[PDB]
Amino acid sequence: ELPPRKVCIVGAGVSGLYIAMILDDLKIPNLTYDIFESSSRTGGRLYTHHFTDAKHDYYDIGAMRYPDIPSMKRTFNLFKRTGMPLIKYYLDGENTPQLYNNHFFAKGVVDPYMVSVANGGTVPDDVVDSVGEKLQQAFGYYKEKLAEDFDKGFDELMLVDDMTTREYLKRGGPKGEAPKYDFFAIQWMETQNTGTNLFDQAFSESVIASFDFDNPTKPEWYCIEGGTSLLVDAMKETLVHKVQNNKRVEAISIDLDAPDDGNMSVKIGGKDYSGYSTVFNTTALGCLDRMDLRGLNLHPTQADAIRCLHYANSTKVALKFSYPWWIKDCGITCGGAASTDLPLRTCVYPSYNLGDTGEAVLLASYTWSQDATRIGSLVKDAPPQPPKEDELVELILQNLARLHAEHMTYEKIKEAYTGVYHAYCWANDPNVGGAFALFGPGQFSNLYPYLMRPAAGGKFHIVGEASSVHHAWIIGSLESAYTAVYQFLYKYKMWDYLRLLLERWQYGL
């Protein structure tokens, strides 16, 4: 018979909720848990904003789209477990505009943006129209290895993890046998492939992001109709022990002189909470670094990983319009997205309101990295009516006009704007401190192993999307939580329940 044990789950995001769901499912005798959530809200970076309760009057501030690829199977099993209403998401739509250097894209014209050297720009002629082909040549070997077996593909990719994307492109790979590209060719590839400056981060991350967004299997994509927050509601409902919101952990400790299993504690608001056999920290690493972790005696390089593993910013801006003018007036009837070098960078047409004829939401700006930091600096809490008086609104409307200048005027977009919008910059969220992990050069191969290293005698686990090989996806959160529960059961020699974990949760539900 198992002695009474209590574990602590720090953070009620999808990873912390997944840990509780797994523990609830295994039904281990005399085992309990507490879930402390710093925010008054539960879900973390699963966060649907509802403008009203109307059916499609929302947008997802955090996670929103899911590729049906084999490496994401655990995410889709969680969708099945909780009965999520999945519908098709259109990564690529029809008639979506692309606007660079104030020129619209056109198929089969050489250098439509007028950025090539032959047209007075600095992009080499043989690169300007061949970005996808040359990034495929740079990423494609590793992408196919990842498609056969993600873990073994990752281990081979780690042999070049010391390089940034720019570095790999500049030197022609690790030994100069790949093509070498000058600064402006690499710069154009970054402009056409990702957010500003992100090619100065890890090459391995550019490969994995390309694996996820441009997967060799050419997958179907999905969204959750009604918002991703429906997943949080369903996970919360099943909890045996409910989330305790407004409980921000500021310190974590283990008492190595105590003989007991439950010799760990966390401090919340100056008060001590002890008796825990294991602590799962599921917060973003910036939040973990603010805690007093001295009582845990972390390996010095593990502490370095908490502080230094790189995070990228992301900002989203969603506007409500009286009718879907992008559908009706521009023929953008199947989702997709418009991309531009204008400040909004990416305008995402929702896949969930394509049949609606009245009020409709447009995810008017979705940015990463410096683009998101620049948009996020306009994201305040008490903006002013009218639109022109709000700098962010006016910027978005002007960028939308230029981006859709083939069919709309600024005047008619402005008149369709209801005056209702919402924006969010994840780096300004004190409960995250960033959007998601996006490691720099050498971090996966050098710092990440020490982040995942056993701490406090195998009783402390750093959990979350950053503690995964799938950054910035729900799947990384779920894998990290599953792995941590494995280690917990292994640590306490609960062989019956570890075997049950592998039987029920390795491939599924």
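The first residue of the sequence shown is number 1, and the count goes up from there.
- Higher mean CA temperature factor between 160-168 and 404-412: 404-412, per the PDB entry.
- Of the two stretches examined, 437-445 and 455-463, the record assigns the greater average C-alpha temperature factor to 455-463.
- Of the candidates 229, 201, 373, 322, the PDB record gives 322 the highest C-alpha temperature factor.
- Within the listed group 297, 431, 215, 340, the record reports its top CA B-factor for 297.
- Residue 423: CA B factor lies in the middle third for its chain, per the PDB record.
- In this PDB entry, residue 31 carries a Cα temperature factor that places it within the highest third of its chain's modelled residues.
- Among the modelled residues of its chain, residue 174 has a C-alpha B-factor that falls in the middle third according to the deposited record.
- Ranked within its chain, residue 364 lands in the lowest third, by CA B factor from the PDB record.
- Sort the chain's modelled residues by C-alpha temperature factor and residue 92 lands in the highest third, per the entry.
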